[PDB]
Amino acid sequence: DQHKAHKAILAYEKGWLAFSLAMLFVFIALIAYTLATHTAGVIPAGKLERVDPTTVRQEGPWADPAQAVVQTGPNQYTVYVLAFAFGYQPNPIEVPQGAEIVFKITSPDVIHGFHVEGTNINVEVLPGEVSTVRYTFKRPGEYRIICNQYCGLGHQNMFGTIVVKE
């Protein structure tokens, strides 16, 4: 009680800062354990890979939606996704199971998200930059793509599919 009490506070306070600063690095730590293993590819590419949104749906691997799953390793497969005012090119995207999809996405108009549902794949796609992520669908089927970024009044309606062939 009252100035006496006050002391006891100033060491509890100390415990709090001690215990609390601790569990935070455990976190900083646990994070880093994700940060060094497979599940880390869902983290956008470092580099700017610049483009010219107003041309990209007309020239570039993003022009032809038919030839946008290009094999690239014995097991690598680049996909050229394009994400525009109000769907995904292409619908759908077929990739194989057990194998490494390296998504490369971009916008021809405004910003979009690309939250491939059931996965960590969750990346803002910006006109004129190329968002780039790794994932491996180890178990196949339908995965809906939602746009989680406002982009106008098609927004609540922007989905598409990943089919990953059994």
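Sequential numbering from 1, following the sequence displayed.
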- prompt: For the stretches 145 to 153 and 9 to 17, which has the higher mean C-alpha B-factor as given in the deposited record?
  reply: 9 to 17
- line: Mean Cα B-factor check, 56 to 64 vs 116 to 124, entry values; winner is 56 to 64
message: Using the temperature factors of the C-alpha atoms in this entry, rank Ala22 within its chain: lowest, middle or highest third.
response: highest
query: Based on the entry's values, in what third of the chain does the Cα temperature factor of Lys104 lie: lowest, middle or highest?
result: lowest
field: Chain-relative CA temperature factor third for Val42
entry: lowest
message: Looking at the temperature factor on the CA atom of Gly73, which third of the chain's modelled residues does it land in?
response: highest
- prompt: If you rank the chain by CA B-factor, which third does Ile111 end up in: lowest, middle or highest?
  reply: lowest
